[PDB]
Every structure is written in C-alpha cells, then in structure tokens.
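1. task: produce atomic coordinates for the following.
(one chain, ligands or ions: 4)
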Amino acid sequence: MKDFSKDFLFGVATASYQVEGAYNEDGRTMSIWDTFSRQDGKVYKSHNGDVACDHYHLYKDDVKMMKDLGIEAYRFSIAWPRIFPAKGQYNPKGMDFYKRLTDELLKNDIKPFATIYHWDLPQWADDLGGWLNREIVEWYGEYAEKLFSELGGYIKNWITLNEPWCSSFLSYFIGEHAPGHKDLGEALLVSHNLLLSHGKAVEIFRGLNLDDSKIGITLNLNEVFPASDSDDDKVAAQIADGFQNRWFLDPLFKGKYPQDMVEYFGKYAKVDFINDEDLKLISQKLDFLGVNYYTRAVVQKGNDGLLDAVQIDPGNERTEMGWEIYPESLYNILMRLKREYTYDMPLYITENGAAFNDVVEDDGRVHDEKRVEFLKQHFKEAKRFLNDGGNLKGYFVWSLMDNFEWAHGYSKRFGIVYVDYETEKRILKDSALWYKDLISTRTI
Ligand code: NA
Ligand code: NA
Ligand code: NA
Ligand code: NA
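-> Numbering: from 1, shown residues only. Ligands and ions are numbered 1, 2, ... in the order given. The coordinates are given below.
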C-alpha cells in the first residue's frame, strides 16, 4: 500500500542563475543579479553566478545523475537574458540550450517543469524601470509567448513566476535582493505588475490552447504565530500574514487584495494601482499552484524597520539559514489552501529543503543526516496531507545540488548533491541516497 501513488511526482528543483554559469556565453547579457552581485557588499564575499555549478555545460551529466536517482520531474527556470539579450532581439542560441536540455530530460523519462521568471530580469529591462514600469507586462508577455511557441510541444508544465514576494518586498522594500531598493510604495507597485504580468502570460497561454499543457504560479508561503495571546501580537500576526501570504493569495484566488492590508499599507504608501480590470487578469483560473515552504514566523508587536510586526526566535532548532525547522506548518498551509483558496485544484510543493554545514569525509561521503531527518519530517506531513484528502501532485526538493544562494553567495548549501566548486565535481549526499530509496519504495 503506497503512501505516494505511482502517479505522484518526486522531483528536484534549480534556478537558472543559481546553477547555470556561462553567464556571458552564447549571447547572454547581464541580469539584475549579475549587476547586483558586482555592487560592493550586496552579495556575501562578492560571490556571483559567473560559473556557479557550470550546469550550462554539464547538463547531460546532471540529467544522467537525476535518472540514476529515479527522479520523475525536474523544475528549472529559463533565463530571460538568454532568450532576449536586448529589447526585441530574440537569441536562437539561448533557446537552443533549453531545447537540448528538454530533449535530454524527455529521453531520460523526466518530466520538465519550467519556471518562466526566477528573478534574472534582463538589465535592459531594469534600465527602463523594470517591474516599476507597467510596460513590462508586454515585455514579459512576449517573452512568455516565445517560450510557449518554441517549447510548448515538449514542456507541458509551466510556472509564470517564482516567489513574487521576494521580487517585490524583499527586492524593493527590504532591499536584500536585486535591484535592492528600499521603498514600500515601489514594492507594492512591483507586486502588482508582477501579478499582472502573470495574468498576461496565462491569457496568452490559454489562447494558444496547447494539448495537455498546464500553467500555474509558485508562491513562498509561511504560517504566522503570535508570540503571545495578546490582541497586540494577534494584530502583528495579521500584518505578517497579509505581508507574506494574503497579499498574493487573495488577488490570485479571490480577485481582490486583502482589504485590511490595503488600508494598512495605505497609511504609509500609495495603493492607487488597484483596479477591477487588472484584478480580473490576475485572478484567471490556473491549472495548479506551486507552494514553496521552508519555515514559520513567530511575531510580536513592535516596529523595527519594516511593518508593525517583529519576528522573534522561539528557541528551537534552526537550519544554517537561521530558519526554524517546523514541519507541521507544511501541512497547515496546504490544508489552509484547500479550505480557503484552492479547493480541489492540484497543488505542488515546488520547493522544500534545508541548508546545513556539509563536509566531505575522507572516504568521499557526505553524511548530511540533518537534511535526511529534515526531508523525512516534511515528506511525512505531505503524506498526511494526501491521507486527509489533499490534492498534492508532486514534491520538488530544493535543491538538486548546492548552488548560488543569492545574497548569501555559495556559503549556504541546499543540495542533495554536493558540489566542489573548484573542480565542479558532484558528490551524492546521504540525502540523495535516501531520496532514491523513497522514490523506489514510495512509503514513509
Ligand atoms: Na549562473
Ligand atoms: Na561579484
Ligand atoms: Na525554478
Ligand atoms: Na486559479
């Protein structure tokens, strides 16, 4: 008796700038993250993705390695600067990489899940205003249309955006991510144009009416807990919950922004970008929702720079990201989606994983037993979601390999495969051998 059906998709995930390297090869021009990584201090130790895992050149080895683990699906992102290295200038050599990547995946019985935008905005777009310029909806739409036309016969599962909360608030309000602005109003406008650009891609995708092809979006979601039962900490929790989750779930699945947060933000910045026609485009019916889950947040009243809510450390074990290990929130979020937002729509966990201080032993092994226990605990919550009626179609572990972890550089290792960057050698961690066995047995 299987806990994961034979139809269930055990997968792994990467992103273009985090793994590909070859940053100026075959016509690729800079993205906002190439630029950001060269701004003094914006990436830890001045790391960048010039070479990364060199997946652009080693992809056939990497696909073979995934075949040998039993991987059934592979979530990757397509680099906009490879496809349109300048405004209105298509680059066939960039497309060619994703066609030969896709061909290798299909020959190895691996189902491709393609993320259209995973933060590597072309620099030419940002120089015109980027996500602050409403015309990006058209530039993104033409970019998406080109991918559907050239790849839609071979890629059948499409994700418009990865984690728009990061591309908006983390990039334009907190400023940790490219382009690194620090203005709440800009972040709110960016979040709207991201969602509107998502709606343009869905509209284009529906018009093409490709056989057996599905489209969705990926959101990073948490569960917010008040530090105490006080009314003040409950209000702080509502703010944090709207900031992370409801600000994107409500427009996508209810067709409106959460009104409490519209009022809250409106005390501090402009919210005049809201209108009915935009929200109708944003709330188009999707085929699935991809969920990125890593941790919960415990919040108390206060204001330390961001909004009127301060996250605290509750004192439990954390990963090397400083993120609390809290698997139960994976079930709570998935059930919350089923009850309040997505109903019986298919759901995918498009990222879950952990960063630990991995070391290669004298015999060539990586005994990452903390990551094994992390993945076991979270797959058990996915199993419990399926047992309680949830429509979970797949689970993509982040990540296939250690890679460039954005503002942390290479200092944080998420992979089930260890990468020695000096030699680009791949080393299977014990978590990879455990995942191979889980795929074979499908019971946990
Ligand atoms: Na790269
Ligand atoms: Na750099
Ligand atoms: Na991706
Ligand atoms: Na939908």
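2. and residue 277, how many neighbours?
-> Each residue near residue 277 was counted by other Cβ atoms under 10 Å, and the total is 8. Every residue, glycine included, has its C-beta placed from N, CA and C.
3. helix or strand: which one has it?
-> According to DSSP states H and E, residue 277 maps onto helix 276-282.
4. quick one: that helix near ligand 4?
-> No. Helix 276-282 stays clear of ligand 4 (Cβ under 5 Å from the ion), getting no nearer than 10.2 Å.
5. longest helix of the chain?
-> helix 184-208 (DSSP state H).
6. if we can go back for a sec, residues contacting whichever helix or strand comes after the helix holding residue 277, please?
-> Note on helix 276-282: by DSSP H and E, the next helix or strand toward the C-terminus is strand 288-292. Applying Cβ atoms under 8 Å, 6 or more residues apart in numbering, the contact partners of strand 288-292 are 157, 159, 162-163, 214, 216-221, 333-334, 337, 342, 345-352, 393, 396, 398.
7. show me what whichever helix or strand comes after strand 288-292 packs onto, helices and strands only.
-> The first helix or strand that comes after strand 288-292 along the chain, using DSSP H and E, is strand 297-300. Under the contact definition 3 or more Cβ pairs under 8 Å, 6 or more residues apart in numbering; DSSP states H and E, strand 297-300 sits against strand 224-226, helix 231-241, strand 310-312.
8. sheet-wise, list the partners of the first one with their directions.
-> Paired with strand 224-226 in the same sheet, following DSSP bridges, are strand 297-300 (parallel).
9. same check, this time on the last one
-> According to DSSP bridges, strand 310-312 has the following sheet partners: strand 297-300 (antiparallel).
10. how close does residue 414 get to ligand 1?
-> 15 Å (Cβ to the ion, to the nearest Å).
11. what's the answer for residue 383, then?
-> Taking Cβ to the ion, one finds residue 383 at 35 Å from ligand 1.
12. list the contacts for that residue?
-> So residue 383 contacts 3, 4, 444 (Cβ under 8 Å, 6+ apart).
13. show me what from this structure comes close to ligand 2.
-> For the chain, the contact set with ligand 2 under Cβ under 5 Å from the ion comprises 37, 38, 46, 48.
14. how about a cut-off of 8 Å?
-> Residues of the chain lying near ligand 2 by Cβ under 8 Å from the ion: 37, 38, 43, 46, 47, 48, 50.
15. now, those residues that are in helices?
-> Counting by DSSP H, the residues of the chain next to ligand 2 contribute residue 37 to helices.
16. are any of the residues of the chain next to ligand 2 buried, and which?
-> Buried residues within these, counting neighbours by 16 or more other Cβ atoms under 10 Å: 37, 43, 47, 48.
17. out of these, which comes closest to ligand 1?
-> Using Cβ to the ion, residue 48 is the member of those that lies nearest ligand 1, at 8.0 Å.
18. distance from stretch 120-128 to the middle of the chain?
-> In this view, stretch 120-128 has its centroid 20 Å away from the chain centroid, taken as Cα atoms, centre = their mean, to the nearest Å.
19. strands along this structure, start to end?
-> With DSSP state E as the criterion, the chain has strands at 9-13, 73-77, 111-117, 157-162, 214-220, 224-226, 288-292, 297-300, 310-312, 347-352, 392-398, 417-420, 425-428.
20. want to throw these into JSON lines with mean neighbour count and distance to ligand 3?
-> Listed next are the strands of the chain as JSON lines, based on neighbours: other Cβ atoms under 10 Å; distance: least, Cβ to the ion, whole Å:
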{"stretch": "strand 9-13", "mean neighbour count": "24", "distance to ligand 3": "6"}
{"stretch": "strand 73-77", "mean neighbour count": "25", "distance to ligand 3": "4"}
{"stretch": "strand 111-117", "mean neighbour count": "23", "distance to ligand 3": "3"}
{"stretch": "strand 157-162", "mean neighbour count": "25", "distance to ligand 3": "5"}
{"stretch": "strand 214-220", "mean neighbour count": "23", "distance to ligand 3": "7"}
{"stretch": "strand 224-226", "mean neighbour count": "19", "distance to ligand 3": "25"}
{"stretch": "strand 288-292", "mean neighbour count": "24", "distance to ligand 3": "9"}
{"stretch": "strand 297-300", "mean neighbour count": "21", "distance to ligand 3": "23"}
{"stretch": "strand 310-312", "mean neighbour count": "15", "distance to ligand 3": "26"}
{"stretch": "strand 347-352", "mean neighbour count": "25", "distance to ligand 3": "7"}
{"stretch": "strand 392-398", "mean neighbour count": "24", "distance to ligand 3": "9"}
{"stretch": "strand 417-420", "mean neighbour count": "20", "distance to ligand 3": "17"}
{"stretch": "strand 425-428", "mean neighbour count": "17", "distance to ligand 3": "19"}
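21. figure out which of the ones you listed is closest to ligand 1.
-> Closest to ligand 1 of the strands of the chain, according to Cβ to the ion: strand 73-77, at 10.8 Å.
22. now do the closest one: distance to the chain's middle.
-> Centroid separation for strand 73-77 versus its chain: 11 Å, with Cα atoms, centre = their mean.
23. which parts of the helix holding residue 277 are buried?
-> Buried residues in helix 276-282 (16+ other Cβ under 10 Å): 278, 279, 281, 282.
24. out of these, who's nearest residue 198?
-> Nearest to residue 198 out of these is residue 282 (Cβ to Cβ; 6.8 Å).
25. what is the most widely separated pair among the buried residues of helix 276-282?
-> By the measure Cβ to Cβ, 279 and 281 form the most distant pair in the buried residues of helix 276-282, at 7.3 Å.
26. if we can go back for a sec, among the buried ones among the residues of the chain next to ligand 2, which are in reach of ligand 1?
-> Restricting these to contacts with ligand 1 (Cβ under 8 Å from the ion) yields residue 48.
27. and of the buried ones among the residues of the chain next to ligand 2, the nearest to residue 420?
-> Residue 420 has its nearest neighbour among these in residue 47, at 15.6 Å by Cβ to Cβ.
28. tell me who's in contact with the nearest residue to that closest one once chain neighbours are set aside.
-> Spatial nearest neighbour of residue 47, chain neighbours left out: residue 409 (2.9 Å); criterion: Cβ to Cβ, 6 or more residues apart in numbering. Neighbour list for residue 409: 43, 44, 45, 46, 47, 48 [criterion: Cβ under 8 Å, 6+ apart].
29. what's the most distant pair in those residues?
-> 44 and 48 (10.7 Å).
30. got the residues of the stretch 101-250 of the chain near ligand 4?
-> Counting by Cβ under 8 Å from the ion, the stretch 101-250 of the chain comes close to ligand 4 at residue 216.
31. and the spatially closest residue to residue 371 that is not a sequence neighbour, how many neighbours?
-> Using Cβ to Cβ, 6+ apart and skipping residues adjacent in sequence, the residue nearest residue 371 is residue 431, 4.3 Å away. Residue 431 has 28 neighbours, counted by other Cβ under 10 Å.
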